[PDB]
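*Asks:* My structure is in run.tsv, and what it holds is TSV, C-alpha atoms and all ligand atoms:
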chain	number	residue	atom	x	y	z
A	1	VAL	CA	37.26	-52.87	-45.32
A	2	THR	CA	40.69	-54.47	-44.47
A	3	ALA	CA	41.91	-54.59	-40.82
A	4	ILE	CA	44.41	-51.83	-39.80
A	5	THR	CA	47.98	-53.31	-39.78
A	6	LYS	CA	50.52	-52.92	-36.88
A	7	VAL	CA	52.71	-50.90	-39.39
A	8	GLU	CA	49.92	-48.28	-40.04
A	9	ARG	CA	49.43	-47.93	-36.22
A	10	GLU	CA	53.24	-47.66	-35.63
A	11	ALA	CA	53.53	-44.72	-38.13
A	12	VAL	CA	50.95	-42.74	-36.00
A	13	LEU	CA	52.50	-43.78	-32.63
A	14	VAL	CA	55.99	-42.38	-33.60
A	15	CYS	CA	54.46	-38.87	-33.99
A	16	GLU	CA	55.32	-36.92	-30.82
A	17	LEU	CA	53.96	-33.44	-31.83
A	18	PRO	CA	56.85	-31.51	-30.17
A	19	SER	CA	55.86	-27.85	-29.37
A	20	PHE	CA	52.04	-28.43	-29.88
A	21	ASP	CA	49.34	-28.20	-27.14
A	22	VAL	CA	46.40	-29.98	-28.92
A	23	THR	CA	44.04	-28.75	-26.09
A	24	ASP	CA	44.65	-24.95	-26.66
A	25	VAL	CA	42.11	-22.67	-28.46
A	26	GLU	CA	45.11	-21.23	-30.47
A	27	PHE	CA	46.40	-24.69	-31.61
A	28	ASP	CA	47.40	-24.38	-35.33
A	29	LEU	CA	46.65	-27.51	-37.46
A	30	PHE	CA	48.29	-25.89	-40.56
A	31	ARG	CA	51.57	-25.41	-38.50
A	32	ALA	CA	51.12	-29.09	-37.39
A	33	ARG	CA	50.66	-30.15	-41.10
A	34	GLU	CA	53.78	-28.09	-42.16
A	35	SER	CA	55.87	-29.70	-39.34
A	36	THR	CA	56.64	-33.05	-41.17
A	37	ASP	CA	56.38	-34.82	-44.58
A	38	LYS	CA	53.75	-37.25	-43.02
A	39	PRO	CA	50.86	-34.80	-42.28
A	40	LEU	CA	48.17	-37.58	-42.38
A	41	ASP	CA	50.06	-39.36	-39.53
A	42	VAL	CA	50.41	-36.11	-37.47
A	43	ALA	CA	46.62	-35.48	-38.02
A	44	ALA	CA	45.84	-39.04	-36.77
A	45	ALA	CA	48.26	-38.55	-33.79
A	46	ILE	CA	46.43	-35.29	-32.87
A	47	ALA	CA	43.02	-37.10	-32.87
A	48	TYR	CA	44.52	-40.01	-30.86
A	49	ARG	CA	46.11	-37.65	-28.29
A	50	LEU	CA	42.83	-35.65	-27.90
A	51	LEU	CA	40.76	-38.87	-27.43
A	52	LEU	CA	43.22	-40.42	-24.82
A	53	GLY	CA	43.77	-37.05	-23.02
A	54	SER	CA	39.99	-36.77	-22.42
A	55	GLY	CA	40.39	-40.05	-20.47
A	56	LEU	CA	36.99	-41.11	-21.97
A	57	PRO	CA	37.78	-44.19	-24.17
A	58	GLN	CA	39.37	-46.00	-21.15
A	59	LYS	CA	36.11	-45.47	-19.14
A	60	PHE	CA	33.90	-47.08	-21.88
A	61	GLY	CA	36.18	-50.10	-22.41
A	62	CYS	CA	37.66	-48.73	-25.67
A	63	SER	CA	41.29	-49.97	-25.79
A	64	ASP	CA	44.15	-47.78	-27.18
A	65	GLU	CA	44.44	-50.20	-30.18
A	66	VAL	CA	40.67	-50.14	-31.10
A	67	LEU	CA	40.67	-46.28	-30.78
A	68	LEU	CA	43.64	-46.01	-33.19
A	69	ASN	CA	42.08	-48.60	-35.59
A	70	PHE	CA	38.88	-46.44	-35.67
A	71	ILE	CA	40.94	-43.27	-36.41
A	72	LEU	CA	42.77	-44.97	-39.36
A	73	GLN	CA	39.47	-46.52	-40.70
A	74	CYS	CA	38.02	-42.92	-40.70
A	75	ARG	CA	41.23	-41.55	-42.33
A	76	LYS	CA	41.10	-44.09	-45.27
A	77	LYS	CA	37.56	-42.82	-46.23
A	78	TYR	CA	38.48	-39.08	-46.59
A	79	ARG	CA	39.41	-37.95	-50.12
A	80	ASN	CA	42.15	-35.62	-51.46
A	81	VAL	CA	39.77	-32.53	-51.69
A	82	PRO	CA	40.88	-29.04	-50.63
A	83	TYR	CA	38.50	-28.55	-47.58
A	84	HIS	CA	36.28	-31.63	-46.66
A	85	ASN	CA	39.36	-33.87	-46.08
A	86	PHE	CA	40.82	-35.58	-42.91
A	87	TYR	CA	42.35	-32.21	-41.73
A	88	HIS	CA	38.77	-30.73	-41.48
A	89	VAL	CA	37.37	-33.55	-39.28
A	90	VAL	CA	40.55	-33.56	-37.07
A	91	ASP	CA	40.09	-29.74	-36.80
A	92	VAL	CA	36.40	-30.23	-35.78
A	93	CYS	CA	37.45	-32.90	-33.17
A	94	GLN	CA	40.16	-30.52	-31.72
A	95	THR	CA	37.67	-27.57	-31.74
A	96	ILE	CA	34.91	-29.61	-29.96
A	97	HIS	CA	37.56	-30.63	-27.36
A	98	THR	CA	38.17	-26.87	-26.68
A	99	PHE	CA	34.37	-26.12	-26.44
A	100	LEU	CA	33.89	-29.10	-24.03
A	101	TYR	CA	36.95	-28.51	-21.76
A	102	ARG	CA	38.09	-24.83	-22.28
A	103	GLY	CA	34.43	-23.72	-22.74
A	104	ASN	CA	33.15	-25.98	-19.88
A	105	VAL	CA	30.32	-27.39	-22.11
A	106	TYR	CA	31.36	-30.86	-20.64
A	107	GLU	CA	29.29	-29.74	-17.55
A	108	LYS	CA	26.07	-29.95	-19.74
A	109	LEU	CA	26.70	-33.58	-20.93
A	110	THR	CA	27.51	-37.10	-19.59
A	111	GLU	CA	31.04	-38.52	-20.14
A	112	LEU	CA	29.46	-40.88	-22.76
A	113	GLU	CA	27.96	-37.86	-24.66
A	114	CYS	CA	31.43	-36.11	-24.55
A	115	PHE	CA	33.06	-39.34	-25.90
A	116	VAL	CA	30.34	-39.62	-28.64
A	117	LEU	CA	30.90	-35.95	-29.76
A	118	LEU	CA	34.72	-36.42	-30.04
A	119	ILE	CA	34.20	-39.67	-32.09
A	120	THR	CA	31.35	-38.14	-34.16
A	121	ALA	CA	33.67	-35.29	-35.27
A	122	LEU	CA	35.88	-37.87	-37.09
A	123	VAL	CA	32.93	-39.61	-38.93
A	124	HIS	CA	30.83	-36.52	-39.75
A	125	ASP	CA	32.12	-35.95	-43.37
A	126	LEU	CA	33.15	-39.53	-44.45
A	127	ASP	CA	33.75	-39.93	-48.24
A	128	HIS	CA	32.98	-36.22	-49.02
A	129	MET	CA	33.85	-35.60	-52.74
A	130	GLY	CA	33.97	-31.72	-52.49
A	131	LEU	CA	30.39	-31.33	-53.92
A	132	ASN	CA	27.46	-30.13	-51.72
A	133	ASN	CA	23.91	-31.61	-51.45
A	134	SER	CA	22.61	-29.15	-54.11
A	135	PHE	CA	25.15	-30.39	-56.76
A	136	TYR	CA	23.76	-33.98	-56.48
A	137	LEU	CA	20.08	-32.80	-56.68
A	138	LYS	CA	20.66	-30.23	-59.55
A	139	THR	CA	22.64	-32.76	-61.72
A	140	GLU	CA	20.17	-35.67	-61.02
A	141	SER	CA	23.20	-37.82	-60.07
A	142	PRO	CA	22.45	-41.40	-58.88
A	143	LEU	CA	23.00	-40.42	-55.18
A	144	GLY	CA	20.68	-37.39	-55.72
A	145	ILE	CA	17.93	-39.56	-57.31
A	146	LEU	CA	18.22	-42.09	-54.37
A	147	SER	CA	17.84	-39.21	-51.80
A	148	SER	CA	14.73	-37.80	-53.64
A	149	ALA	CA	13.19	-41.32	-54.11
A	150	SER	CA	13.73	-42.25	-50.39
A	151	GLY	CA	12.55	-38.82	-49.10
A	152	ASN	CA	15.83	-37.55	-47.48
A	153	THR	CA	17.39	-34.40	-49.11
A	154	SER	CA	20.44	-34.68	-46.70
A	155	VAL	CA	22.29	-36.49	-49.53
A	156	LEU	CA	25.81	-36.34	-48.00
A	157	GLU	CA	24.85	-36.51	-44.25
A	158	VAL	CA	22.91	-39.84	-44.74
A	159	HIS	CA	25.85	-41.22	-46.84
A	160	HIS	CA	28.33	-40.18	-44.08
A	161	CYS	CA	26.20	-42.04	-41.44
A	162	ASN	CA	26.22	-45.22	-43.63
A	163	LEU	CA	30.06	-45.34	-43.66
A	164	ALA	CA	30.19	-44.61	-39.85
A	165	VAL	CA	27.90	-47.65	-39.18
A	166	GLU	CA	30.12	-49.79	-41.54
A	167	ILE	CA	33.30	-48.84	-39.49
A	168	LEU	CA	31.58	-49.51	-36.10
A	169	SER	CA	30.26	-52.95	-37.40
A	170	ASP	CA	33.78	-54.51	-36.90
A	171	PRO	CA	34.82	-54.95	-33.19
A	172	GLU	CA	38.49	-54.12	-34.16
A	173	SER	CA	37.35	-50.46	-34.92
A	174	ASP	CA	34.13	-50.26	-32.79
A	175	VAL	CA	34.98	-47.56	-30.17
A	176	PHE	CA	31.42	-48.35	-28.75
A	177	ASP	CA	32.04	-52.15	-28.37
A	178	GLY	CA	32.47	-51.65	-24.59
A	179	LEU	CA	28.80	-50.50	-24.46
A	180	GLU	CA	25.51	-52.48	-24.45
A	181	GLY	CA	21.72	-52.00	-24.12
A	182	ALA	CA	20.51	-48.39	-23.72
A	183	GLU	CA	24.09	-46.88	-23.63
A	184	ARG	CA	25.07	-48.49	-26.99
A	185	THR	CA	21.74	-47.38	-28.57
A	186	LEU	CA	22.27	-43.77	-27.25
A	187	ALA	CA	25.87	-43.78	-28.59
A	188	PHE	CA	24.70	-44.72	-32.17
A	189	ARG	CA	21.46	-42.60	-32.13
A	190	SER	CA	23.26	-39.42	-30.87
A	191	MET	CA	26.17	-39.91	-33.33
A	192	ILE	CA	23.64	-40.22	-36.23
A	193	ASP	CA	21.37	-37.33	-34.97
A	194	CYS	CA	24.55	-35.07	-34.72
A	195	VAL	CA	25.79	-35.92	-38.27
A	196	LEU	CA	22.23	-35.37	-39.75
A	197	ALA	CA	22.12	-31.94	-37.93
A	198	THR	CA	25.28	-30.73	-39.89
A	199	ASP	CA	23.05	-30.20	-43.05
A	200	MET	CA	23.05	-26.36	-43.31
A	201	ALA	CA	19.44	-26.48	-44.73
A	202	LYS	CA	18.39	-27.35	-41.09
A	203	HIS	CA	20.61	-24.55	-39.55
A	204	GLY	CA	17.80	-22.13	-38.54
A	205	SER	CA	15.46	-24.88	-37.18
A	206	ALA	CA	18.34	-26.65	-35.25
A	207	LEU	CA	19.37	-23.29	-33.68
A	208	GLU	CA	15.72	-22.31	-32.79
A	209	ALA	CA	14.99	-25.77	-31.18
A	210	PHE	CA	18.21	-25.58	-29.02
A	211	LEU	CA	17.45	-21.95	-27.85
A	212	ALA	CA	13.76	-22.81	-27.05
A	213	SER	CA	14.97	-25.85	-25.00
A	214	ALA	CA	17.81	-23.84	-23.26
A	215	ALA	CA	15.22	-21.15	-22.26
A	216	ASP	CA	12.81	-23.83	-20.85
A	217	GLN	CA	13.67	-25.00	-17.26
A	218	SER	CA	11.06	-27.82	-17.86
A	219	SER	CA	12.67	-28.95	-21.16
A	220	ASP	CA	12.88	-32.76	-21.46
A	221	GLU	CA	16.42	-33.56	-20.09
A	222	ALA	CA	17.23	-36.26	-22.75
A	223	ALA	CA	16.05	-33.84	-25.56
A	224	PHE	CA	18.18	-30.90	-24.14
A	225	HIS	CA	21.28	-33.16	-23.99
A	226	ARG	CA	20.69	-34.31	-27.61
A	227	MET	CA	20.18	-30.75	-28.91
A	228	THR	CA	23.34	-29.61	-26.99
A	229	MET	CA	25.32	-32.37	-28.78
A	230	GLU	CA	23.80	-31.31	-32.17
A	231	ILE	CA	24.63	-27.61	-31.56
A	232	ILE	CA	28.26	-28.43	-30.50
A	233	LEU	CA	28.96	-30.51	-33.68
A	234	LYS	CA	27.34	-27.67	-35.73
A	235	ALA	CA	29.47	-25.14	-33.76
A	236	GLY	CA	32.63	-27.16	-34.54
A	237	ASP	CA	31.68	-27.48	-38.24
A	238	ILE	CA	31.35	-23.60	-38.66
A	239	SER	CA	34.23	-22.68	-36.20
A	240	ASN	CA	36.81	-21.55	-38.90
A	241	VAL	CA	35.88	-17.83	-38.20
A	242	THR	CA	36.38	-18.34	-34.38
A	243	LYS	CA	40.12	-19.14	-34.88
A	244	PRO	CA	43.13	-16.76	-35.01
A	245	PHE	CA	42.87	-14.63	-38.18
A	246	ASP	CA	45.67	-16.39	-40.21
A	247	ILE	CA	44.24	-19.90	-39.37
A	248	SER	CA	40.71	-18.58	-40.26
A	249	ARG	CA	42.11	-17.21	-43.55
A	250	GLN	CA	43.84	-20.47	-44.71
A	251	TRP	CA	40.51	-22.39	-44.04
A	252	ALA	CA	38.53	-19.80	-46.08
A	253	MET	CA	41.01	-20.22	-49.02
A	254	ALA	CA	40.55	-24.05	-48.87
A	255	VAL	CA	36.69	-23.64	-48.86
A	256	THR	CA	36.81	-21.16	-51.81
A	257	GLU	CA	38.97	-23.52	-53.96
A	258	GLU	CA	36.57	-26.44	-53.24
A	259	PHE	CA	33.59	-24.19	-54.24
A	260	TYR	CA	35.42	-23.17	-57.50
A	261	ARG	CA	35.98	-26.84	-58.51
A	262	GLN	CA	32.23	-27.53	-57.96
A	263	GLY	CA	31.39	-24.48	-60.15
A	264	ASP	CA	33.80	-25.73	-62.86
A	265	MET	CA	31.95	-29.11	-62.91
A	266	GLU	CA	28.51	-27.35	-62.83
A	267	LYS	CA	29.71	-25.22	-65.82
A	268	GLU	CA	30.88	-28.22	-67.94
A	269	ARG	CA	27.54	-29.84	-67.00
A	270	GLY	CA	25.33	-26.88	-67.90
A	271	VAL	CA	23.66	-26.46	-64.47
A	272	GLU	CA	23.16	-23.27	-62.32
A	273	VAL	CA	26.56	-21.91	-60.98
A	274	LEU	CA	26.04	-19.64	-57.88
A	275	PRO	CA	28.36	-16.55	-57.82
A	276	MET	CA	30.26	-17.87	-54.73
A	277	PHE	CA	31.25	-20.98	-56.89
A	278	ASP	CA	32.25	-18.93	-60.03
A	279	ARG	CA	36.06	-18.59	-60.66
A	280	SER	CA	35.42	-15.77	-63.20
A	281	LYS	CA	33.52	-13.60	-60.61
A	282	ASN	CA	36.86	-13.41	-58.60
A	283	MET	CA	34.74	-12.48	-55.48
A	284	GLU	CA	36.67	-10.85	-52.58
A	285	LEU	CA	37.67	-13.10	-49.61
A	286	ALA	CA	37.24	-10.17	-47.10
A	287	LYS	CA	33.63	-9.52	-48.29
A	288	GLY	CA	32.78	-13.26	-48.22
A	289	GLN	CA	34.18	-13.65	-44.66
A	290	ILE	CA	32.33	-10.52	-43.35
A	291	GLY	CA	29.10	-11.74	-45.05
A	292	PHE	CA	29.36	-15.18	-43.41
A	293	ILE	CA	30.28	-13.54	-40.02
A	294	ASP	CA	27.34	-11.09	-40.20
A	295	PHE	CA	24.58	-13.46	-41.47
A	296	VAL	CA	25.55	-16.93	-40.00
A	297	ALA	CA	28.47	-17.21	-37.49
A	298	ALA	CA	28.20	-14.09	-35.23
A	299	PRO	CA	24.42	-14.55	-34.54
A	300	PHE	CA	24.87	-18.36	-34.01
A	301	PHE	CA	27.78	-18.10	-31.51
A	302	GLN	CA	26.28	-14.97	-29.83
A	303	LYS	CA	22.89	-16.69	-29.22
A	304	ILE	CA	24.24	-20.09	-27.89
A	305	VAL	CA	26.75	-18.31	-25.57
A	306	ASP	CA	23.96	-16.01	-24.19
A	307	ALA	CA	21.32	-18.81	-23.99
A	308	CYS	CA	23.48	-21.35	-22.14
A	309	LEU	CA	27.19	-21.77	-23.17
A	310	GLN	CA	28.76	-18.70	-21.36
A	311	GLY	CA	32.20	-20.43	-21.22
A	312	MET	CA	32.37	-20.14	-25.08
A	313	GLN	CA	32.45	-16.25	-24.90
A	314	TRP	CA	35.95	-16.35	-26.61
A	315	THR	CA	34.34	-17.58	-29.90
A	316	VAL	CA	32.22	-14.31	-30.04
A	317	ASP	CA	35.32	-12.15	-29.10
A	318	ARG	CA	37.46	-13.73	-31.90
A	319	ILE	CA	34.69	-13.37	-34.57
A	320	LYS	CA	34.54	-9.67	-33.60
A	321	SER	CA	38.38	-9.40	-33.89
A	322	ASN	CA	38.35	-11.28	-37.20
A	323	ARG	CA	35.54	-9.03	-38.60
A	324	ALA	CA	37.61	-5.84	-37.69
A	325	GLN	CA	40.75	-7.36	-39.29
A	326	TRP	CA	38.77	-8.03	-42.56
A	327	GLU	CA	37.43	-4.40	-42.36
A	328	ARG	CA	41.15	-3.23	-42.19
A	329	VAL	CA	41.86	-5.29	-45.37
A	330	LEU	CA	39.00	-3.37	-47.15
A	331	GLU	CA	40.02	0.02	-45.61
A	332	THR	CA	43.63	-0.28	-46.97
A	333	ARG	CA	42.80	-1.81	-50.41
B	1	MG	MG	29.28	-32.09	-43.74
B	2	ZN	ZN	32.15	-30.72	-41.81
Before we go any further, please render this structure as structure tokens.
*Replies:*
Amino acid sequence: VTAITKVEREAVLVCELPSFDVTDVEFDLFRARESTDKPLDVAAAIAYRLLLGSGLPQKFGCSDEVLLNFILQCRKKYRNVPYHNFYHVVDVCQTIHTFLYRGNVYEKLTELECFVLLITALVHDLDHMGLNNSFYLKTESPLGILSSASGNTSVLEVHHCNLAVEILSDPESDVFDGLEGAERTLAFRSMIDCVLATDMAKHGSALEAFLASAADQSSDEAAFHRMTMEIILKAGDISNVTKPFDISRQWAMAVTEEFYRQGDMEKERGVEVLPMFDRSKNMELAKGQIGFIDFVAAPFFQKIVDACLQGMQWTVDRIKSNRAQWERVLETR
């Protein structure tokens, strides 16, 4: 892992993002990517602007140069895949910013925990290859065998944590270097707990633990804070359907193409190909989006807003608007 050069930093620093408010719930990362021929630089500049605008790095002795080094060390470890690329983790970072500051979830957390969530967003899918946990287990790939042998089925989430620790192990990219003792431990533990909680196999149990803690006025304070962090990174990771309909749609097309490529590899490998991953089933976007809204996203966002996070009401409102827009697509087909 080479040091970040001055030249790589300079190429981010020249990006000015004219006409973009990176803090707005209607910010459009696709419009931002279309706005220049250096979209990776614009993406990095968005993450940089969000982290500095929070005012958090400054307070924890993270310099502007170490912050930018961290962002470019994260960027180098994302792959050219259609969905789980740098644009996704920048999107999750921007979305968490909106939940924290537009949704007032910052009131539930310390400044350190807010800083950790914004940083965690950028590490949470490091070196994703566009294949899910199931692909590794079904194909008995080396990484799959290692996960089974060691007793952790979160194949990708554990691998993502390993590369986060590797980045933070150099002071030149350690955004937590200004911390020590209990604060530094909490930074690393909560980052790792949050990334491990993004495994969708734990979705139901993560959501039930958070709601049981939110409903309990005698909940352990440290445990409530940790579960709030976990739920906010999960919220960010499944936020595509909370965005304006055309943003929501371009994300769903990116997901679908990634799923199709996995199904192509499962096919040429003779393993089970779910319908969702099958090119030749030509399954309807509108039906997929409504299915995901009805069974996963609307109940998740409705329950966390009602339990505790009232300031995130807009997420529930937009999912409702997006579900009616998809119903109009079906109605007019
Ligand atoms: Mg992930
Ligand atoms: Zn993700």
*Asks:* Which residues are near range 176-190 of chain A? Cut-off 8 Å, all atoms listed in the file, ignore same chain within fewer than 6 positions. Put them as an MDAnalysis selection string.
*Replies:* chainID A and resid 60:62 112:113 116 168 226 229
*Asks:* Pull C-alpha atoms from the residues just selected and write them as a PDB file, in the frame of the given file.
*Replies:*
ATOM      1  CA  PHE A  60      33.900 -47.080 -21.880  1.00  0.00           C
ATOM      2  CA  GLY A  61      36.180 -50.100 -22.410  1.00  0.00           C
ATOM      3  CA  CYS A  62      37.660 -48.730 -25.670  1.00  0.00           C
ATOM      4  CA  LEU A 112      29.460 -40.880 -22.760  1.00  0.00           C
ATOM      5  CA  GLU A 113      27.960 -37.860 -24.660  1.00  0.00           C
ATOM      6  CA  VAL A 116      30.340 -39.620 -28.640  1.00  0.00           C
ATOM      7  CA  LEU A 168      31.580 -49.510 -36.100  1.00  0.00           C
ATOM      8  CA  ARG A 226      20.690 -34.310 -27.610  1.00  0.00           C
ATOM      9  CA  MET A 229      25.320 -32.370 -28.780  1.00  0.00           C
TER      10      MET A 229
END
*Asks:* Counting only C-alpha atoms and all ligand atoms, which protein, DNA or RNA residues come within 12 Å of ligand MG 1 (chain B), given as a PyMOL selection string?
*Replies:* chain A and resi 78+83-85+88-89+92+120-133+154-161+194-201+233-234+236-238
*Asks:* Just give me the gap between CA of residue 3 in chain A and atom ZN of ligand ZN 2 (chain B) in Å, one decimal is fine.
*Replies:* 25.8 Å
*Asks:* Which residues are near range 282-290 of chain A? Cut-off 12 Å, all atoms listed in the file, ignore same chain within fewer than 4 positions. Put them as a ChimeraX atom specification.
*Replies:* /A:238,240-242,245,248-257,259-260,274-278,294-298,319-333
*Asks:* From the set A:203, A:101, A:235, A:75, which residue has the shortest atom-to-atom contact distance to ligand ZN 2 (chain B), counting all atoms listed in the file?
*Replies:*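 The answer is A:235, which sits nearest to ligand ZN 2 (chain B).
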*Asks:* Taking all atoms listed in the file into account, name the residue in A:173, A:239, A:313, A:73 that is nearest to ligand ZN 2 (chain B).
*Replies:*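 The shortest atom-to-atom distance to ligand ZN 2 (chain B) comes from A:239.
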*Asks:* Would you mind reading off the distance between CA of residue 44 in chain A and CA of residue 225 in chain A, one decimal, in Å?
*Replies:*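 About the pair CA of residue 44 in chain A and CA of residue 225 in chain A: they are 28.3 Å apart.
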*Asks:* So the first atom is CA of residue 24 in chain A and the second is CA of residue 37 in chain A; what is the distance between them in Å, to one decimal place?
*Replies:*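 If I compute the distance from CA of residue 24 in chain A to CA of residue 37 in chain A, I get 23.6 Å.
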*Asks:* Contacts of residue 63 in chain A at 12 Å or less, counting only C-alpha atoms, minus same-chain residues fewer than 5 places along, as a PyMOL selection string?
*Replies:* chain A and resi 48+51-52+55-58+68-70+171-178
*Asks:* Of the candidates A:152, A:95, A:147, A:315, which one gets nearest to ligand ZN 2 (chain B) if we count only C-alpha atoms and all ligand atoms?
*Replies:*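 Using only C-alpha atoms and all ligand atoms, the shortest distance to ligand ZN 2 (chain B) belongs to A:95.
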*Asks:* Name the closest residue to ligand ZN 2 (chain B) among the candidates A:18, A:39, A:87, A:67; distances are taken between atoms, counting only C-alpha atoms and all ligand atoms.
*Replies:*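 With only C-alpha atoms and all ligand atoms as the atom set, the closest residue is A:87.
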*Asks:* Can you pull out every residue within 12 Å of range 214-222 of chain A, counting only C-alpha atoms, but drop anything in the same chain fewer than 4 positions away, and send it as a ChimeraX atom specification?
*Replies:* /A:108-110,113,186,190,207-210,226-229,231,303-309
*Asks:* Take the residues from that selection and write them out as a PDB file, keeping the file's coordinate frame, keeping C-alpha atoms.
*Replies:*
ATOM      1  CA  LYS A 108      26.070 -29.950 -19.740  1.00  0.00           C
ATOM      2  CA  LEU A 109      26.700 -33.580 -20.930  1.00  0.00           C
ATOM      3  CA  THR A 110      27.510 -37.100 -19.590  1.00  0.00           C
ATOM      4  CA  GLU A 113      27.960 -37.860 -24.660  1.00  0.00           C
ATOM      5  CA  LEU A 186      22.270 -43.770 -27.250  1.00  0.00           C
ATOM      6  CA  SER A 190      23.260 -39.420 -30.870  1.00  0.00           C
ATOM      7  CA  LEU A 207      19.370 -23.290 -33.680  1.00  0.00           C
ATOM      8  CA  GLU A 208      15.720 -22.310 -32.790  1.00  0.00           C
ATOM      9  CA  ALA A 209      14.990 -25.770 -31.180  1.00  0.00           C
ATOM     10  CA  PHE A 210      18.210 -25.580 -29.020  1.00  0.00           C
ATOM     11  CA  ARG A 226      20.690 -34.310 -27.610  1.00  0.00           C
ATOM     12  CA  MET A 227      20.180 -30.750 -28.910  1.00  0.00           C
ATOM     13  CA  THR A 228      23.340 -29.610 -26.990  1.00  0.00           C
ATOM     14  CA  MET A 229      25.320 -32.370 -28.780  1.00  0.00           C
ATOM     15  CA  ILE A 231      24.630 -27.610 -31.560  1.00  0.00           C
ATOM     16  CA  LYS A 303      22.890 -16.690 -29.220  1.00  0.00           C
ATOM     17  CA  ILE A 304      24.240 -20.090 -27.890  1.00  0.00           C
ATOM     18  CA  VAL A 305      26.750 -18.310 -25.570  1.00  0.00           C
ATOM     19  CA  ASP A 306      23.960 -16.010 -24.190  1.00  0.00           C
ATOM     20  CA  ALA A 307      21.320 -18.810 -23.990  1.00  0.00           C
ATOM     21  CA  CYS A 308      23.480 -21.350 -22.140  1.00  0.00           C
ATOM     22  CA  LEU A 309      27.190 -21.770 -23.170  1.00  0.00           C
TER      23      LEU A 309
END
*Asks:* Provide range 232-245 of chain A rebuilt to N, CA and C atoms, formatted as a PDB file, in the frame of the given file.
*Replies:*
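Just written: result_38.pdb:
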ATOM      1  N   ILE A 232      26.795 -28.447 -30.698  1.00  0.00           N
ATOM      2  CA  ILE A 232      28.260 -28.430 -30.500  1.00  0.00           C
ATOM      3  C   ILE A 232      28.925 -28.974 -31.769  1.00  0.00           C
ATOM      4  N   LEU A 233      28.408 -30.047 -32.375  1.00  0.00           N
ATOM      5  CA  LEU A 233      28.960 -30.510 -33.680  1.00  0.00           C
ATOM      6  C   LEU A 233      28.709 -29.430 -34.735  1.00  0.00           C
ATOM      7  N   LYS A 234      27.542 -28.780 -34.766  1.00  0.00           N
ATOM      8  CA  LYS A 234      27.340 -27.670 -35.730  1.00  0.00           C
ATOM      9  C   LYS A 234      28.373 -26.563 -35.448  1.00  0.00           C
ATOM     10  N   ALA A 235      28.555 -26.211 -34.170  1.00  0.00           N
ATOM     11  CA  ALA A 235      29.470 -25.140 -33.760  1.00  0.00           C
ATOM     12  C   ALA A 235      30.871 -25.469 -34.282  1.00  0.00           C
ATOM     13  N   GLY A 236      31.309 -26.701 -34.074  1.00  0.00           N
ATOM     14  CA  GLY A 236      32.630 -27.160 -34.540  1.00  0.00           C
ATOM     15  C   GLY A 236      32.738 -27.019 -36.049  1.00  0.00           C
ATOM     16  N   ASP A 237      31.711 -27.452 -36.764  1.00  0.00           N
ATOM     17  CA  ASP A 237      31.680 -27.480 -38.240  1.00  0.00           C
ATOM     18  C   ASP A 237      31.736 -26.049 -38.837  1.00  0.00           C
ATOM     19  N   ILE A 238      31.246 -25.004 -38.161  1.00  0.00           N
ATOM     20  CA  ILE A 238      31.350 -23.600 -38.660  1.00  0.00           C
ATOM     21  C   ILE A 238      32.275 -22.735 -37.782  1.00  0.00           C
ATOM     22  N   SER A 239      33.326 -23.320 -37.191  1.00  0.00           N
ATOM     23  CA  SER A 239      34.230 -22.680 -36.200  1.00  0.00           C
ATOM     24  C   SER A 239      35.422 -21.958 -36.856  1.00  0.00           C
ATOM     25  N   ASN A 240      35.662 -22.137 -38.156  1.00  0.00           N
ATOM     26  CA  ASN A 240      36.810 -21.550 -38.900  1.00  0.00           C
ATOM     27  C   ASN A 240      36.958 -20.048 -38.551  1.00  0.00           C
ATOM     28  N   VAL A 241      35.852 -19.292 -38.484  1.00  0.00           N
ATOM     29  CA  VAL A 241      35.880 -17.830 -38.200  1.00  0.00           C
ATOM     30  C   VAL A 241      36.068 -17.525 -36.715  1.00  0.00           C
ATOM     31  N   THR A 242      36.150 -18.536 -35.837  1.00  0.00           N
ATOM     32  CA  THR A 242      36.380 -18.340 -34.380  1.00  0.00           C
ATOM     33  C   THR A 242      37.874 -18.494 -34.085  1.00  0.00           C
ATOM     34  N   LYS A 243      38.679 -18.853 -35.082  1.00  0.00           N
ATOM     35  CA  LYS A 243      40.120 -19.140 -34.880  1.00  0.00           C
ATOM     36  C   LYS A 243      40.937 -17.864 -35.070  1.00  0.00           C
ATOM     37  N   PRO A 244      42.233 -17.861 -34.672  1.00  0.00           N
ATOM     38  CA  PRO A 244      43.130 -16.760 -35.010  1.00  0.00           C
ATOM     39  C   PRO A 244      43.082 -16.482 -36.514  1.00  0.00           C
ATOM     40  N   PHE A 245      43.121 -15.198 -36.840  1.00  0.00           N
ATOM     41  CA  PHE A 245      42.870 -14.630 -38.180  1.00  0.00           C
ATOM     42  C   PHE A 245      43.629 -15.430 -39.253  1.00  0.00           C
TER      43      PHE A 245
END
